[PDB]
Number of protein chains: 2
Amino acid sequence: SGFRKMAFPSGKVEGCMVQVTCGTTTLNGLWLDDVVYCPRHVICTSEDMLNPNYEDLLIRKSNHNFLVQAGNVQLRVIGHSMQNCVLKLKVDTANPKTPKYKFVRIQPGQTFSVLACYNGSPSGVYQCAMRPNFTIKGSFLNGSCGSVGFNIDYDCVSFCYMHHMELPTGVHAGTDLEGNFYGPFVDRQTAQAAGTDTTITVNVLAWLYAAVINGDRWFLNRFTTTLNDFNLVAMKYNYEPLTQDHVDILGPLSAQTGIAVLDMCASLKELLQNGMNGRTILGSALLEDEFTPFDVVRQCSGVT
Amino acid sequence: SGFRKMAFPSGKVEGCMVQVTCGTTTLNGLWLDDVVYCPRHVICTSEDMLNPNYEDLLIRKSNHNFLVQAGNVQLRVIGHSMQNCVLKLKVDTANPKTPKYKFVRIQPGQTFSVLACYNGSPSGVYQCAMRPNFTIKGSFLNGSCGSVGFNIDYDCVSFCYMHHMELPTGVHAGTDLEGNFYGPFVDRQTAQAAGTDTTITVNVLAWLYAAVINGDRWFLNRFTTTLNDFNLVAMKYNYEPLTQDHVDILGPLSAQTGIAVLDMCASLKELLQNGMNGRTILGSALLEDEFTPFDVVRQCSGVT
Ligand SMILES: NC[C@]1(C(=O)Nc2cncc3ccccc23)CCOc2ccc(Cl)cc21
Ligand SMILES: NC[C@]1(C(=O)Nc2cncc3ccccc23)CCOc2ccc(Cl)cc21
């Protein structure tokens, strides 16, 4: 019993973190095999960030201008290239701690763990989600760039995020491990405002199923609804539309609890319309949307 | 910017987890040097849990009855002893991944990370706190016993908790690494009810300081108070009394924000009396109490 915002064990990722310095700029890099991946803005000064021409700034950089340190030992850079918004620094030594890994580009609503790092050293691990507006609500200070987001399937780490930027609103933007930003964000210190941060409906429903599995059942109502009627309410509350694909994904949670997906939608509809009335669900006074249906099944089943 | 419920990187602890089996009972153990620590209830059947006489049950167990597996390799048990509610299984091999470590007994209100494990394998990491009633609100399923709670000071892991039990209310009880339970709980399947789960006032105040540092300032009021007046309100709301020691501990957060501790107390007093009015603080609709003042300084400063 109990339900926590749980991150994946971070050991496999801690073994990959290195410090990357270019001139007077330092950030984190991810060392997998003989390649260190890091944000390309490691080549920028604070002034360059205002309007950087990365290809031009990179002409002034050679392999020896990128200092890669793993622990307290220096790695030898034998090649470098820019792929979208990341640099790939080829080193002469394969990371002996390289786990089984994949690079994946996640969809909005998908969750992942972040290992926040400073100077190549891990400081903490937390769970977050790719928001529907393609920002993430992380916890990052200056120097955290290059920290990564990931999921683990038994022994394989699927890297899905690399931290690059903080918007003026305190939310975060980054790329997948091929250097493509999530959403419309750019690695330039310019006016970039995020769109509506809508609530991830399928994740709220999954967390309401977790609440029923853990004994919090007060919100279960006597009603049902349809996807169309539910979505009319979801639109009004800035919740993402629920599709039949989301209903299919919630199937196993529906079977475990015996609560039909549309009945849970009707319970969610009443919670949106009536509020919580000072009550809590799994220790929260708001509807939590950063647990996917897969996360709920994993946490409630004990997948290692 | 941003403020997350952040756990310590779990790698150093993942390297210590092993599976311990005694007969048909399996749980997790912690392998440090040449000793594996685990809950003594690994010797019990489901029936024994109702009224176990551990000393008597242990007479029927020899070193070869405790199966310790690290990964997919078996460790040789050369000694065993019971210390309070834990068994210490001496093995012939020192854990090569033993980090620098200490065993500490924490006070209520103190936070720590938990590495939830099943069959000696890590499944997730989350942050929690020792409640004022000496329970913890974890996320544990059957088989999670022996999972540990810890804090990290740079390279030294201070182990503070080992999971043993779930109360009928879904909250958790466990011991320090010397086998002494936190609070009045026992490793027996009997009527054990938790006391009042009061709110950890000093931690709420620390989290209100984190909110001000991160830009959430709406709740800052035009008032101040005294410890005595504040505590009259705290008592009414089942909040722990605030002492001058808590005020001293909040000193650095007071200096960083320029908000006197008693002014923040007055703001907290108004939030308790008026409610949130549908507003949020750091993405929460309730007052968060599982961040200590040290956690806030660490997260807002970037300690690795
Ligand atoms: N140091 C490089 C960089 C960075 O780390 N950004 C940040 C990323 N995340 C959280 C931050 C929290 C406070 C401060 C900066 C943060 C990225 C490139 O553009 C900039 C531009 C300005 C500044 Cl002051 C920093 C940066
Ligand atoms: N298997 C041993 C043990 C255990 O793991 N307990 C649990 C601890 N934490 C979370 C649990 C969530 C569901 C179930 C049990 C949980 C501890 C000893 O006493 C008992 C007694 C009964 C049962 Cl059914 C299990 C146990």
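First listed ligand is number 1; within each ligand, the first listed atom is number 1. Below, chain A is the first sequence line, B the second, and so on; all start at residue 1. Hydrogens, waters and symmetry mates are skipped; everything else that's a heavy atom, side chains included, is used.
B:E290 has a carboxylate O that lies under 4.0 Å from a charged side-chain N of B:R131, or vice versa, which qualifies the two as a salt bridge.
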Could you list each nitrogen or oxygen of ligand 2 that sits under 3.5 Å from a protein nitrogen or oxygen, with the atom names and the distance?
from	atom 1	to	atom 2	distance (Å)
ligand 2	1 (N)	B:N142	ND2	2.4
ligand 2	5 (O)	B:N142	ND2	2.9
ligand 2	9 (N)	B:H163	NE2	2.9

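Ring to ring, B:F159 and B:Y37 are not that close: their centroids are 6.0 angstrom or more apart.
Note: B:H164 and B:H41 have perpendicular aromatic rings, judged against thresholds of 30 and 60 degrees for the angle between ring planes. Between A:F150 and A:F8, the ring-plane angle classifies as tilted under the 30° and 60° cut-offs.
In this structure the side chain of B:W218 reaches within 4.5 angstrom of the side chain of B:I281, judged on heavy atoms.
In this structure, B:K5 is not positioned above the aromatic face of A:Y126 in the sense of NZ or CZ being under 6.0 Å from the six-membered ring centre and within 45° of the axis.
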